[PDB]
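One chain follows as structure tokens, the form deposited in one PDB entry.
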């Protein structure tokens, strides 16, 4: 099976391509693509690592050469926030490239699962959906917003706080991928019970994790490595399910039953064709219930903004 990374030259893309080179299954194929002229050399550098994963790099305006026969297309192209900005600012910046990149996909590998990393996810996914719809090949079970970073961050904070082994904690995270739209279902963390203030303090910390990294890098980029690792966990999950592994569950922003919004991140059962079943968000706590409602308007706005950009 072939995986294609769009935006492989940036900080997130390189960390991701490194992880995938070293962790995809023997026999997999990985093609990298980016406008950056360094791109082909990023592949040559990775080609030197001794794993049964064939790698190739392409530069240019045409991504087409690395989308041929692609099964999974991970999109991390774009740019990221510096100190001050939010996640609803570089909009025209990236939305454009997402728009462009999603188009080449539709023409070249419509039936592949597409994972969107480029922020702001809430909006960029909607834009990709509209482009896929417009081109007449949209498969709503094959378009996901990679929100995995919010999951691994919540795992880490819950572990440290409660003194648990970090690999043994998995917290479900629902909603969206930015600020208020990010909701940790802490009431559902087995074996651990929290106090209202911990839930409050933790939720805040989890929602502001990205800012924590920006202020620390003092305007030297945002999270790139952990983002890389997370995108890496998600790509492998997608790849495992596509190969028939059963029981693969990941929360991800997708087009659902519209119960809360056209797009919403909830627990997903993945299978040979992408989303196999959209799990329920389960029983919420008063706090989660409270928080779930107050972010709605914000979420559909992002979605809105996304739809607009394409249809007009």
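Numbering follows the first chain given and starts at 1. Rigid core (definition): largest C-alpha set, two forms, superposition within 1.5 Å. Only residues modelled in both forms are compared.
Not pictured, yet referred to below: the form deposited in another entry.
Only one candidate in 86, 170, 201, 215 has its Cα displaced by 2 Å or more between the shown form and the other one after core superposition: 86. Compared with the form shown here, the C-alpha atoms of residue 87 and residue 203 sit at least 3 Å farther apart in that other deposited form. Relative to the shown form, the CA atoms of residue 201 and residue 88 are pushed 3 Å or more farther apart in that other deposited form. For residues common to both forms, superposing the rigid core between the shown form and the other one reveals a single consecutive run of 3 or more with all Cα shifts of 2 angstroms or more, at 81-89.
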